[PDB]
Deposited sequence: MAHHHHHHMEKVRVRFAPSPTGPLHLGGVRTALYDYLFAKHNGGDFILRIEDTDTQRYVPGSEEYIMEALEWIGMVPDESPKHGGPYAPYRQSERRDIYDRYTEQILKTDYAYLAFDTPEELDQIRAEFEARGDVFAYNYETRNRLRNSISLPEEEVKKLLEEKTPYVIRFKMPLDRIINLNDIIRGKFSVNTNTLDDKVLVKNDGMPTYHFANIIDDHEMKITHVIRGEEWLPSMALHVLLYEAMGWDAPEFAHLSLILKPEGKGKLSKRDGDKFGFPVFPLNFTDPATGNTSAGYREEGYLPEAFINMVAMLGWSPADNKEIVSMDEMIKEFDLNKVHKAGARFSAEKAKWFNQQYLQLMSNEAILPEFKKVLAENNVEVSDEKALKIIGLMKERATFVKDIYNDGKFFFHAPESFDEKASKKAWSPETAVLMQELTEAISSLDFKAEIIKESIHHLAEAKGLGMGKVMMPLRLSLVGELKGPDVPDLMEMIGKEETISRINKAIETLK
């Protein structure tokens, strides 16, 4: 009855958005049902290993707040949680499946397989090792029993392949995709065990899902064409298969096709949760985290790529998502990635942070730009700016007038927006430079003279900013102070 799910990334590079979503739905499904979330490292393909990938995965899950219950770091009752460390388990089950009619030995070399691939290509076809071709290749079905015996005495390298049944209809049932049927004649005699005795992912994963008592396999639709094989492997072993749920690939923001790093490089959004430096080129892809996406906003955005809670509430915490996540409500249709939505989520979460919660990152941005201000002023600037910001860095980049005087003045704004009025304003501001009192003084000057408030406010804004932007003028004057306010006014008068 206890739900057990597993996230099974390979240590072959960084997590993509699809992988983050799979991990999230694993976590939400396990926690919603009071079950267990397992991390199993799929490191049997030694030649695709990227140093630091396991550490990357753990750091990303920790950043988002989805720590596995069982993992290499935490241990657990079914350790080892790295597949490279489970060879004795795999050997036991390799011996078992070789007693069935579902597996056979194959001796074909890479050159021999390249040769038949070229023969098919010349006919405009694609080679598949399957029922149709296995009898003309070199394996324990096609070769005389005496030749196989001879080859094994000679220590000839061999793989173990699954023996696809002849003309059998497999009826599959997926939680996301529903019921469908597949004829085994469309499927291949996939390799189960490599030359060195280690399983391929197909065989390792069904062995370990069985051993680790996994109840629900949640994964991407890239695995869906292999589902029939996996169900047949459980049958071959005399085992009950878990339930499956196949998530449709995330779609491109615009046009046909699936989301790829090409879309991130062409549209300007990140593709990995954390910084990843490619070892081949030394170039670093900046992650969501380092680009300033708040983890609560990031994971809220990822959750909604194909799941819509019944209450139509878009902003939800991890605890709220745990309470209402229903795997049967995840859409079969692909969901388009939206950079707009990701930025909107970030803005929504940023606006609700306290000024104090924003201050550490804001001070980091200031330091990177060689700017220093008191914490008192920094908190006030954050309060004045955060409602319009999408990222904390925007509070500086769009508020440079808090720290730097204008050197020029926009001509269009200069034309739209006299020195006597400004001189008279300079005399009146010599008081308690508070925004509420400054505005009261400006209204007193406007009422004393014969002009509407904009006749004072607009040229004043131009003087302080160089263009017509920024927060309310009396707030800006309070932030930069009396001396700097008058300095900028006199500079604008002289210009």
Residues of the deposited sequence that never got C-alpha coordinates are 1 to 9, 427 to 431, 510 to 511
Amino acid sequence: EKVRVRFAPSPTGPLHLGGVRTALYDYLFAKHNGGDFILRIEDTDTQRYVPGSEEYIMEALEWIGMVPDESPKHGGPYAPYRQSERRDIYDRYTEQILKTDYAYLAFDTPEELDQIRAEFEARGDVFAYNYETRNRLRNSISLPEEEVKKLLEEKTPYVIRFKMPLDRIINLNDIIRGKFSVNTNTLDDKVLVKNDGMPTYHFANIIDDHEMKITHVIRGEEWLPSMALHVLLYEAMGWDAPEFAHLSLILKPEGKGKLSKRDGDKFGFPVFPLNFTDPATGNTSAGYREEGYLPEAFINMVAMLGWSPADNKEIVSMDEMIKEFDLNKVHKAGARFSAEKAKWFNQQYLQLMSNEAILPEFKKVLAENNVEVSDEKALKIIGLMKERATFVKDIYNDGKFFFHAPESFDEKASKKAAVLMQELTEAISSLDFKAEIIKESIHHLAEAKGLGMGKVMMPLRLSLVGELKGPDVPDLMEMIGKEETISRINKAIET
From here on, numbers count along this sequence of modelled residues.
State which stretch shows the higher mean Cα B factor in the entry: 36 to 44 or 462 to 470. 462 to 470
In the PDB record, does 436 to 444 or 47 to 55 carry the higher mean Cα temperature factor? 436 to 444
Using the temperature factors in the entry, find which of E407, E112, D208, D91 has the highest value at its Cα atom. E407
Per the deposited B-factor column, the C-alpha that peaks among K377, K150, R289, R134 belongs to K150
Position of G220 among the chain's modelled residues by C-alpha B-factor, lowest, middle or highest third: lowest
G197's Cα B-factor: lowest, middle or highest third of the chain? middle
For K343, the third of its chain by CA B-factor is the lowest
Which third, lowest, middle or highest, does the CA B-factor of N183 fall in along this chain? lowest
Could you look up the Cα B-factor of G18 in the entry and say which third of the chain it sits in: lowest, middle or highest? middle
